[PDB]
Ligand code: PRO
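Single chain ahead, written as structure tokens, the form deposited without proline.
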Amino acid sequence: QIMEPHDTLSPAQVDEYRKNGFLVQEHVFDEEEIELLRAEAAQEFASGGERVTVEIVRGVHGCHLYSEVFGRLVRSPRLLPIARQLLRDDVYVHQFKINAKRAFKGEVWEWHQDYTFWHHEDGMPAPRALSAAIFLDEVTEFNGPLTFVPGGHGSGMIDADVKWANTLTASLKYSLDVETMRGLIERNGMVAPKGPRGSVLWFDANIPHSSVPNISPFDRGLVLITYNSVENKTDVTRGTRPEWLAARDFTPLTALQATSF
């Protein structure tokens, strides 16, 4: 039994990722694969307990530690080789979350950089990390797409006002002020990457992003896997969050092979 040989990004794709801070690959996973992930996401929403965020289940953290399916997903030959390529290291999962934005539902998600949280909360020493967002549904203009400042990762951590942090909370602990964002957006603009179901959106730990409610009759499910460089492992002595928000096992991930079961 055979896995398709590892596909990595072209130089042009790598260059685009480093310049813009994000990159979409369309149609990575097929409809049947996505349906398996959707069904498992529903199970995690139902069984997640303290790991679930509710408005009314909004999201769940840490599923790769509790779900065999999601544990295998993070080792997928469609994902792991590219994470290794972009971070130029062995990698592990720092954080796993599923963000469901149901038809005609959702709230405004304030501008933020993930790295600000991971640095201050978890002791991540540098922004040598990224997220892979798997599109469980087509992402459009109207179902609350992740919206970015292209190139906005390239001036490092932007000063935020501090208020366990959680980027799925209503009020973010570290949000970006109007003056800071104005300047960044005036220089760089805004982009909401679109794509079909089964696409993967790769984005930098330090890219500013935000989103709006879903005004479509269609759901917008995202599965977000945050890969971190093993060299860039967090300082567990500075971190206090549970394992399902910030991983403590820095064992390098290996790729899934094709077996008889």
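Just count from 1 along the sequence shown to find any residue number.
One more form of this protein exists, namely the form deposited with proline bound; it is left out here, but the text below deals with it.
- For this chain, the superposed copy of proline, brought over from its placement in the entry with it bound, has 3 or more atoms within 2.4 Å of the backbone and C-beta atoms, so the pocket is blocked.
- Candidate site formed by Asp114, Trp118 and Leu168: every one of these residues places a non-hydrogen atom within 4.5 angstroms of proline in the entry with it bound.
- Although the partner is absent here, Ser76 sits far enough away that none of its heavy atoms falls within 4.5 Å of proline in the entry with it bound.
- Listed stretches are 76-84, 181-189, 151-159, 106-114; the contact stretch with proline in the entry with it bound is 106-114, by a heavy atom cutoff of 4.5 Å.
- The single residue of 222-258 lying near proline in the entry with it bound is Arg241, the criterion being any heavy atom within 4.5 Å.
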